[PDB]
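J.: Take this structure first; my questions come after.
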Amino acid sequence: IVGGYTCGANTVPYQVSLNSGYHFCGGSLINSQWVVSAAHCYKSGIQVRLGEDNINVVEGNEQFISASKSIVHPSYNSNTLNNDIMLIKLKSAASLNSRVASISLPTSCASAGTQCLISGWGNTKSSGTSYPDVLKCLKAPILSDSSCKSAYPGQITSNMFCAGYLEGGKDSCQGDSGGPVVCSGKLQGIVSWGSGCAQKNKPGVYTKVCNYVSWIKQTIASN
Ligand SMILES: [Ca+2]
Ligand SMILES: [Cl-]
Ligand SMILES: [Cl-]
Ligand SMILES: [Cl-]
């Protein structure tokens, strides 16, 4: 996250770190047994790490649970990142508490201008590299579809939205991928892609979760 702020420990209790020897993506807990992330975060041998703040220090509220199964969206296209969403089932259920909590799925899509919370342990520099040990947060609005499409002509589908600031300075970045965009208490986005980080007229691009709610519920219920 670039241009953000330190969230505070466990202030984002649905935020998960996906670990394969090292943090490589975020994700969101949606019930005690299931996490939603980006399809482009797919890897074998994922360990989900819940209740994290400093991902390099055991601070005492963590739960580390191996994934038992990953399900990538049937229509995921790795070339375009269309349908950039995947579900991850935990081998044992998470123990839910104030620091490890699920986030509601949307019942409808959010409108342009709605303020959202984006979070992750990704890079905090716009033109350099520096990775934080603690969770970073950014408040950012959903952008108009016309602004999003103008920024990325030929690349935005109905399953994507932009959020952030056209002036630049504030955005998600590498290592935030797969993590949450929460608006009015609902998981509306997944950190998906963009052009650089915090560049002018290049806001972050997010998977539009509200299009996937039927698929998520049917998939979880069947697996
Ligand atoms: Ca920790
Ligand atoms: Cl359309
Ligand atoms: Cl990434
Ligand atoms: Cl379930």
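Naming works like this for the structure tokens: A, B, ... for the chains as they're shown, residue 1 at the start of each chain, ligands 1 onward in shown order.
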Please report, as CSV, each residue of segment 94-199 of chain A lying at most 8 Å from segment 30-53 of chain A, together with the nearest pair of atoms and the separation in Å rounded to one decimal; use only C-alpha atoms, and order rows by chain and ascending residue number.
T.:
```
residue,atom,partner,partner_atom,distance
A:94,CA,A:32,CA,4.9
A:95,CA,A:32,CA,7.0
A:96,CA,A:32,CA,6.8
A:99,CA,A:51,CA,5.5
A:100,CA,A:51,CA,5.2
A:101,CA,A:31,CA,7.9
A:102,CA,A:30,CA,4.7
A:103,CA,A:30,CA,5.3
A:104,CA,A:30,CA,6.5
A:105,CA,A:30,CA,7.3
A:133,CA,A:53,CA,7.8
A:134,CA,A:53,CA,5.2
A:135,CA,A:53,CA,5.6
A:177,CA,A:38,CA,6.7
A:178,CA,A:38,CA,4.2
A:179,CA,A:37,CA,6.3
A:190,CA,A:38,CA,6.5
A:191,CA,A:38,CA,7.2
A:192,CA,A:38,CA,6.5
```
J.: Any chance you could tabulate, as a Markdown table, the residues of chain A at most 7 Å from ligand 3 with each one's nearest atom pair and distance in Å to one decimal, using only C-alpha atoms and all ligand atoms, in chain and rising number order?
T.:
```
| residue | atom | partner | partner_atom_place_in_ligand_line | distance |
| --- | --- | --- | --- | --- |
| A:25 | CA | ligand 3 | 1 (Cl) | 7.0 |
| A:173 | CA | ligand 3 | 1 (Cl) | 6.9 |
| A:174 | CA | ligand 3 | 1 (Cl) | 4.0 |
| A:175 | CA | ligand 3 | 1 (Cl) | 4.8 |
| A:176 | CA | ligand 3 | 1 (Cl) | 6.3 |
| A:177 | CA | ligand 3 | 1 (Cl) | 4.8 |
```
J.: Which residue, A:64, A:29, A:70, A:201, has the smallest gap to residue 153 of chain A when you use only C-alpha atoms?
T.: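 Of A:64, A:29, A:70, A:201, the one nearest residue 153 of chain A, counting only C-alpha atoms, is A:201.
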J.: Can you tell me which residues come within 12 Å of ligand 2 when counting only C-alpha atoms and all ligand atoms, ideally as a PyMOL selection string?
T.: chain A and resi 145+156-160
J.: Hey, which residues sit close to ligand 1? Say within 6 Å, counting only C-alpha atoms and all ligand atoms, and write them as a list in words.
T.: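 Selection of residues at most 6 Å from ligand 1: residues 52, 53, 54, 55, 56, 57, 58 and 59 of chain A.
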J.: May I have the selected residues written with N, CA and C atoms, as a PDB file, in the first residue's frame?
T.:
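So selection.pdb came out as:
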```pdb
ATOM      1  N   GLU A  52      -2.790 -11.770  11.885  1.00  0.00           N
ATOM      2  CA  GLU A  52      -1.463 -11.173  11.724  1.00  0.00           C
ATOM      3  C   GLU A  52      -1.501  -9.639  11.842  1.00  0.00           C
ATOM      4  N   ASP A  53      -0.473  -9.073  12.495  1.00  0.00           N
ATOM      5  CA  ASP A  53      -0.139  -7.672  12.252  1.00  0.00           C
ATOM      6  C   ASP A  53       1.281  -7.573  11.672  1.00  0.00           C
ATOM      7  N   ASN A  54       2.297  -7.664  12.497  1.00  0.00           N
ATOM      8  CA  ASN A  54       3.680  -7.799  11.999  1.00  0.00           C
ATOM      9  C   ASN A  54       3.838  -9.228  11.452  1.00  0.00           C
ATOM     10  N   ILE A  55       3.971  -9.382  10.141  1.00  0.00           N
ATOM     11  CA  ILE A  55       4.128 -10.704   9.545  1.00  0.00           C
ATOM     12  C   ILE A  55       5.493 -11.360   9.796  1.00  0.00           C
ATOM     13  N   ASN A  56       6.470 -10.632  10.379  1.00  0.00           N
ATOM     14  CA  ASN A  56       7.769 -11.182  10.713  1.00  0.00           C
ATOM     15  C   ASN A  56       8.039 -11.516  12.177  1.00  0.00           C
ATOM     16  N   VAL A  57       7.030 -11.238  13.021  1.00  0.00           N
ATOM     17  CA  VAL A  57       7.118 -11.418  14.486  1.00  0.00           C
ATOM     18  C   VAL A  57       5.862 -12.176  14.993  1.00  0.00           C
ATOM     19  N   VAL A  58       6.044 -13.187  15.833  1.00  0.00           N
ATOM     20  CA  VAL A  58       4.902 -13.868  16.454  1.00  0.00           C
ATOM     21  C   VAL A  58       4.491 -12.970  17.637  1.00  0.00           C
ATOM     22  N   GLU A  59       3.308 -12.381  17.537  1.00  0.00           N
ATOM     23  CA  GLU A  59       2.841 -11.411  18.540  1.00  0.00           C
ATOM     24  C   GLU A  59       1.741 -12.002  19.445  1.00  0.00           C
TER      25      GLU A  59
END
```
J.: Taking into account only C-alpha atoms and all ligand atoms, which residue in the set A:13, A:93, A:148, A:121 is nearest to ligand 4?
T.: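 Result for the nearest residue to ligand 4: A:93.
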J.: Please provide the set of residues having any atom within 9 Å of segment 220-223 of chain A, restricted to only C-alpha atoms, with same-chain residues fewer than 5 positions apart removed, written as a list in words.
T.: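 Neighbouring residues, sequence-local ones excluded: residues 34, 69, 87, 89 and 215 of chain A.
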J.: Would you save the residues from that selection as a compact mmCIF listing (two decimals), in the first residue's frame, using N, CA and C atoms?
T.:
```txt
# COMPACT_ATOMS: atom_id res chain seq x y z
N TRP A 34 -13.23 -20.69 4.94
CA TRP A 34 -13.01 -20.23 3.59
C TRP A 34 -12.46 -18.81 3.47
N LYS A 69 -7.70 -27.08 -0.11
CA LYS A 69 -8.09 -27.00 -1.53
C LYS A 69 -8.10 -25.53 -1.94
N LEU A 87 -11.08 -19.17 -4.35
CA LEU A 87 -11.46 -19.57 -3.01
C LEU A 87 -10.44 -20.55 -2.48
N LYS A 89 -9.94 -23.23 0.78
CA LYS A 89 -10.56 -23.84 1.97
C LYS A 89 -9.46 -24.18 2.99
N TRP A 215 -21.64 -17.59 -7.32
CA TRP A 215 -20.59 -18.58 -7.53
C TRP A 215 -19.88 -18.91 -6.24
```
J.: Using only C-alpha atoms and all ligand atoms, can you tell me which of A:123, A:170, A:205, A:88 comes closest to ligand 4?
T.: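 So, comparing all the options, the nearest one is A:88.
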J.: Find the residue from A:90, A:61, A:138, A:150 that sits nearest to ligand 4; use only C-alpha atoms and all ligand atoms when measuring.
T.: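 Closest residue, counting only C-alpha atoms and all ligand atoms: A:90.
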J.: Given the choices A:199, A:154, A:204, A:67, which gets closest to residue 92 of chain A if the distance is worked out from only C-alpha atoms?
T.: A:67
J.: Mind checking which residues fall within 10 Å of residue 171 of chain A, counting only C-alpha atoms, ignoring those fewer than 6 positions away in the same chain, and posting them as JSON, numbers by chain?
T.: {"A": [1, 2, 3, 4, 118, 119, 124, 126, 137, 138, 139, 140, 163, 164, 165, 194, 196, 197, 198, 199, 202, 203, 204, 205]}
J.: In Å, how far is it from atom CA of residue 122 of chain A to atom CA of residue 23 of chain A?
T.: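 Those two atoms sit 9.3 Å apart.
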J.: Closest to residue 9 of chain A among A:65, A:136, A:80, A:91, using only C-alpha atoms?
T.: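 Among the listed residues, A:136 lies closest to residue 9 of chain A.
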J.: Fewer than 2 positions away in the same chain doesn't count, so skip those; otherwise give me all residues within 10 Å of residue 185 of chain A, counting only C-alpha atoms, as a PyMOL selection string.
T.: chain A and resi 103-106+116-117+181-183+187-188
J.: Based on the selection just made, write N, CA, C and O atoms of those residues as an mmCIF file, in the first residue's frame.
T.:
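Result saved to part27.cif:
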```
data_model
loop_
_atom_site.group_PDB
_atom_site.id
_atom_site.type_symbol
_atom_site.label_atom_id
_atom_site.label_comp_id
_atom_site.auth_asym_id
_atom_site.auth_seq_id
_atom_site.Cartn_x
_atom_site.Cartn_y
_atom_site.Cartn_z
ATOM 1 N N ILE A 103 -15.663 -11.332 6.922
ATOM 2 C CA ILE A 103 -16.216 -10.136 6.294
ATOM 3 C C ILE A 103 -17.385 -10.557 5.443
ATOM 4 O O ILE A 103 -17.303 -11.557 4.703
ATOM 5 N N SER A 104 -18.472 -9.801 5.533
ATOM 6 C CA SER A 104 -19.675 -10.138 4.757
ATOM 7 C C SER A 104 -19.451 -9.960 3.278
ATOM 8 O O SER A 104 -18.814 -8.990 2.839
ATOM 9 N N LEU A 105 -20.035 -10.867 2.506
ATOM 10 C CA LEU A 105 -20.158 -10.694 1.061
ATOM 11 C C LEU A 105 -21.260 -9.681 0.743
ATOM 12 O O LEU A 105 -22.237 -9.497 1.504
ATOM 13 N N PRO A 106 -21.129 -9.016 -0.399
ATOM 14 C CA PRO A 106 -22.110 -8.052 -0.794
ATOM 15 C C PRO A 106 -23.442 -8.659 -1.217
ATOM 16 O O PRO A 106 -23.474 -9.739 -1.788
ATOM 17 N N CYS A 116 -13.956 3.124 0.413
ATOM 18 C CA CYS A 116 -13.616 1.775 0.773
ATOM 19 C C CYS A 116 -12.308 1.754 1.545
ATOM 20 O O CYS A 116 -11.537 2.731 1.500
ATOM 21 N N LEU A 117 -12.074 0.630 2.227
ATOM 22 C CA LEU A 117 -10.815 0.374 2.929
ATOM 23 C C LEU A 117 -10.056 -0.729 2.230
ATOM 24 O O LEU A 117 -10.563 -1.865 2.044
ATOM 25 N N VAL A 181 -10.891 -5.116 -0.516
ATOM 26 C CA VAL A 181 -11.451 -3.766 -0.668
ATOM 27 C C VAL A 181 -12.830 -3.841 -0.026
ATOM 28 O O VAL A 181 -13.701 -4.515 -0.533
ATOM 29 N N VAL A 182 -12.999 -3.197 1.119
ATOM 30 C CA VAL A 182 -14.230 -3.297 1.893
ATOM 31 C C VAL A 182 -14.903 -1.958 1.883
ATOM 32 O O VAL A 182 -14.272 -0.937 2.169
ATOM 33 N N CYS A 183 -16.174 -1.960 1.517
ATOM 34 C CA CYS A 183 -16.946 -0.740 1.438
ATOM 35 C C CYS A 183 -18.288 -0.954 2.135
ATOM 36 O O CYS A 183 -18.967 -1.949 1.879
ATOM 37 N N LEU A 187 -17.278 -6.950 1.458
ATOM 38 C CA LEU A 187 -16.143 -7.185 0.630
ATOM 39 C C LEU A 187 -16.550 -6.935 -0.806
ATOM 40 O O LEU A 187 -17.179 -7.795 -1.430
ATOM 41 N N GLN A 188 -16.197 -5.780 -1.339
ATOM 42 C CA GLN A 188 -16.610 -5.432 -2.733
ATOM 43 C C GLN A 188 -15.504 -5.670 -3.776
ATOM 44 O O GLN A 188 -15.772 -5.838 -4.987
#
```
J.: Which parts of segment 72-207 of chain A does DSSP call alpha helix (DSSP H) when run on the backbone here, written out as a ChimeraX atom specification?
T.: /A:145-151
J.: How far is it from atom CA of residue 28 of chain A to atom CA of residue 75 of chain A, in Å with one decimal?
T.: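 The value is 20.7 Å.
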J.: Looking only at strand (DSSP E or B) from DSSP on the backbone, list the matching residues of segment 33-221 of chain A as a PyMOL selection string.
T.: chain A and resi 34-37+47-50+63-72+77+82+86-90+97+100+104+115-120+136-142+160-163+171+180-183+186-193+204-208
J.: For atom CA of residue 5 of chain A and atom CA of residue 147 of chain A, quote the distance in Å rounded to one decimal.
T.: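 Atom CA of residue 147 of chain A lies at a distance of 25.5 Å from atom CA of residue 5 of chain A.
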